[PDB]
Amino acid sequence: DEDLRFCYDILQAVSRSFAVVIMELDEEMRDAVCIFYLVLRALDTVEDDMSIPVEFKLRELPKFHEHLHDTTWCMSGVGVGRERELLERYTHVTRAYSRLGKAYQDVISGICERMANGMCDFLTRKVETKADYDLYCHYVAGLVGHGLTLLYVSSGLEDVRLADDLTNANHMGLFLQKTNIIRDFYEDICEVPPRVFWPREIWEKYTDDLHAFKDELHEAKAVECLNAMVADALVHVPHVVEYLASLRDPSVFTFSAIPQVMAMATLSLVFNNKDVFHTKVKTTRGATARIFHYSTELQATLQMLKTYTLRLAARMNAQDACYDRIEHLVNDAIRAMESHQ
């Protein structure tokens, strides 16, 4: 009882974004997700701490899920902020964990290990090909989609048919992750050491050095590359609509819908906007408020995604090289929407 109280607080203190969205879910269901996020957010803390030697991570991370069956475990001064607190007093998480139906214990435990090894694979190398790019997103987000999806089926709140093919689920995750990777470009490169996720298979066509876009002189090629990334992201939209339209439970829907609409809105702002190369673009608090409101039932949300896909395509001219590819990606997306409208 006392433990769950720590989780929801440490949560609300770790991700103000997620914390609000999760409130759309039902209590029992919500709890599982809450712990699930914390389990991953804990793993993400060890991976991110750059003051920790690599071989260490490659050694611990893999078997981080094993500490889920040990209510005595915890980690010392690893990470900073509230994150460092989650590890030092991780005990509370493992507690609430053992009080979850064995059904949820498996999903969380499995997804954890899988994501654990995934991160380790990329601690050795960087993102080169489109394949790499997609694999990374799968490891840090795709699997989350897989996880959440399984929990929906495990709770009976969602038809068992939903777990049959977890492809669209992966798309749900990849979309959000890619949207961020694109949006947080500048920040990623301003850190020391500089983090780069944009696959060379793409940015190389527009430059020899990715730090060149940091300059206002290479803007032309920069923005162009930006649209190249945006396009790559739109490929998932059609599948996002499919996954959303296949949800029956209104509680689960809103929880899965909002994050997607937020991304589309953000993706429409970053698309063909040089501002992405020096500042962090964000959607007005009013827009995100509107999004939260109407994203309660399939129809309203679909017409919202409709607007943002048209708002995105409206931000381009007839003299942009990506003109044709973008329009096609937009049409397909809309197609999928009308398909369910």
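From 1 onward, residues are counted along the sequence shown.
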The stretch whose C-alpha atoms carry the larger average B-factor in the entry, 257-265 or 202-210, is 202-210
Quick note on 237-245 and 84-92: per-entry mean CA temperature factor is higher in 84-92
Entry record, C-alpha B-factors for 146, 130, 102, 114; the maximum is at 102
Reading the B-factor column for Cα atoms of 224, 158, 134, 184, the highest value belongs to 158
For residue 110, the third of its chain by CA B-factor is the middle
Residue 325: C-alpha B-factor third of its chain, per the entry, is the middle
By the entry's values, the third containing the CA B factor of residue 331 is the lowest
Chain thirds by Cα B factor, record data; residue 306 belongs to the lowest
Assert third(CA B-factor, residue 73) within chain per record equals highest
